[PDB]
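Asker: this is the structure alone, sequence omitted:
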RNA sequence: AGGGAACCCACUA
DNA sequence: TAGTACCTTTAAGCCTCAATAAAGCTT
DNA sequence: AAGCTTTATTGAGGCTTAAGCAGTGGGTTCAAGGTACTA
């Protein structure tokens, strides 16, 4: 479970997908009858892995 | 982006389905556990690997 | 359908099950009938 | 002494 | 109480409707 | 009398079926995740 920077050649050899993780921020506000709101911050939740085009900006 | 619009729409659909199932029970949901991160991941991976530009169930 | 006849049921239920049996026989013979769903498998590939 | 199918794509004349 | 097994593209034919018109039945 | 009514032609719409031959090769996915239930 430890993240390591995957090189494209290692992705070619090990049959991996050369993809980068996509993290998004969600703010959860709870509205309850007769009650206020609470804004909770889930910063950088993983929502998937975007395949990276080689030699683009977010390639290694 | 045409792929990612549909897959992010499906991500929000499954988040609303999960949270609806966990508010009809009168409980709280874990939002970091609500996100089905494999919707974007294997959807992009499938469409780039096969070349069919859509979902797995609409290959024709 | 035979079970729902022996464990007797509604005419609507028997009608729908006869309709499904008719669809299944027809798609076992021909799976290209227009104005009709394809007999696809769970993966979505239509049966031959 | 020989356990795959289907589809897609590229190609050959 | 954690864990494993099961539930669910177009081009040419043919056929079949609505719409007509002499012609016999009934003024 | 001139009105009424019936069986054979037309025109458009819908259905069906077809769309070259013979070769290589690769690539992917089929067969998949919730579950309901125990020793």
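Answerer: Okay, I see it. Numbering: from 1, shown residues only, chains lettered A, B, ... in the order given.

Asker: now do the buried residues in the helix ranked longest in chain C.
Answerer: Under DSSP state H, the helix in chain C containing the largest number of residues is helix C:11-29. Burial within helix C:11-29, assessed by neighbour count using 16 or more other C-beta atoms under 10 Å in any protein chain shown, is assigned to C:17, C:27. Quick note: C-beta positions are derived from backbone N, CA and C, even for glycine.

Asker: now swap in stretch A:13-33 and tell me
Answerer: For stretch A:13-33, a neighbour-count test (16+ other C-beta under 10 Å) marks A:18, A:19, A:22, A:26 as buried.

Asker: now those in TSV, with distance to residue C:24 and secondary structure?
Answerer: As requested, the buried residues of stretch A:13-33 are arranged in TSV below (distance: C-beta to C-beta, whole Å; DSSP: H, G, I helix; E, B strand; the rest coil):
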residue	distance to residue C:24	secondary structure
A:18	45	coil
A:19	42	strand
A:22	44	strand
A:26	46	strand
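
Asker: mind picking the two most distant members of these?
Answerer: Within the buried residues of stretch A:13-33, A:18 and A:26 form the most distant pair, 26.9 Å apart (C-beta to C-beta).

Asker: just confirm residue B:18 is within a helix.
Answerer: Yes. Under DSSP: H, G, I helix; E, B strand; the rest coil, residue B:18 falls within a helix.

Asker: done for today, thanks.
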